[PDB]
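In structure tokens, the next block holds one chain alone, the form deposited in one PDB entry.
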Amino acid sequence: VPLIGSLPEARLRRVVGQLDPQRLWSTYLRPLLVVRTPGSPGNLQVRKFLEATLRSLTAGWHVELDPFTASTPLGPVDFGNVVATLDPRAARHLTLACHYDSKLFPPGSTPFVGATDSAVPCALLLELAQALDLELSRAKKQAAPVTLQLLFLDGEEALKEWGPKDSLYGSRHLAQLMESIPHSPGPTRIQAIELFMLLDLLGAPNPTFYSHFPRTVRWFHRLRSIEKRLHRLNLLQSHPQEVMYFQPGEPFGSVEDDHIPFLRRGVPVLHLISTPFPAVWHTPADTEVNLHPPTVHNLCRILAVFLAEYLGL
């Protein structure tokens, strides 16, 4: 439905048409589907891949690492968050986030590559940035006062499921770091985050999302509206009912994740995580062949419209 603040149909269809499903799958997702536990060569290689892909965008993003070493159940480990801010001068930003590490499992099993968890989230952010690159470049050249920020967090997963401090390494570090860095008007980089939208556990068939935070329910309702509209406009696949993903009511459950260090510091959060979790969750079957590609692209389309409406692209 065409609500105030929504895209006119023509601008909606242009935006959706700038997505490239083969690019998402082959250019952004496939290279991530490797073991990428914190400290590993695979993790370093995925980090460098994210950085170089983000630097390649013609919009000219500010891309930096947040490297640090932390104590873990395995001893000291190095972590590195990838922080991409389209216009570092802007007063505030929409922040989209996900984790790029994969969960460590014991040797001797099929390697875990976390296709839903969170390779698909990562690839979605890269595809949105590329598909909207011209518009984002124009917004930045016009000094828009709300920019876009993408966070690819390291170390979300426990290394040994060794208690509550064996988790969220990257997000805990980056939230503390942002609290310590001045920003204008700020007064710190935490207050620059106008909304923190965390994507997690995406790409399985039949996801269900609930609003986890009354504070941000208006954005949850916008996602739901976009799902219904794309359905009606014949722009979703394998989507027989008008609303399938964005469900009303209390969450099936809520869970700790990379938004918590930000939430605790007063950042508004929308947690875009399937609850219940994918069937494959935390098993080595969380792989490419068990993703549901029409759902991946449906989510990409929903998010692209969301982003364009949020930032007036």
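Throughout, we count residues from 1 along the sequence that is shown. Only residues modelled in both forms are compared. Between two forms, the rigid core is the largest collection of C-alphas that superpose within 1.5 Å.
Comparing 208-216 with 178-186, the stretch with the higher mean C-alpha B-factor in the PDB entry is 178-186.
As listed in the deposited structure, the average C-alpha B-factor of 141-149 and of 220-228 is greater for 141-149. The PDB entry assigns the greatest CA B-factor among 155, 121, 240, 114 to 240. By the numbers in the PDB entry, the CA B factor is greatest at 59 among 59, 29, 269, 273. When the modelled residues of the chain are ordered by their C-alpha B factor, residue 106 lands in the highest third. When the CA B factors of the chain's modelled residues are split into thirds, the value for residue 261 lands in the middle one. Ranked against the other modelled residues of its chain, the C-alpha B-factor of residue 42 as given in the entry falls in the lowest third. Ranked by C-alpha B-factor against the other modelled residues of its chain, residue 291 falls in the lowest third.
The deposited CA B-factor of residue 88 belongs to the highest third of values across its chain.
What comes next is about the form deposited in another entry, which does not appear here.
Only 254, out of 69, 283, 254, 26, shows a C-alpha shift of 2 Å or more between the shown form and the other one on alignment of the rigid core. Comparing the forms between the shown form and the other one, the C-alpha position of residue 214 differs by less than 2 angstroms, with the core used for superposition.
Relative to the superposed core, residue 162 undergoes a Cα shift of 2 Å or more between the shown form and the other one. Cα of residue 162 to Cα of residue 97: at least 3 Å shorter in the other entry than in the shown structure. Inter-residue distance, residue 98 to residue 162 (Cα): reduced by at least 3 Å in the other entry versus the depicted form. In this core-based overlay, residues 162-164, 249-254 form runs of three or more whose Cα positions differ by 2 Å or more between the shown form and the other one.
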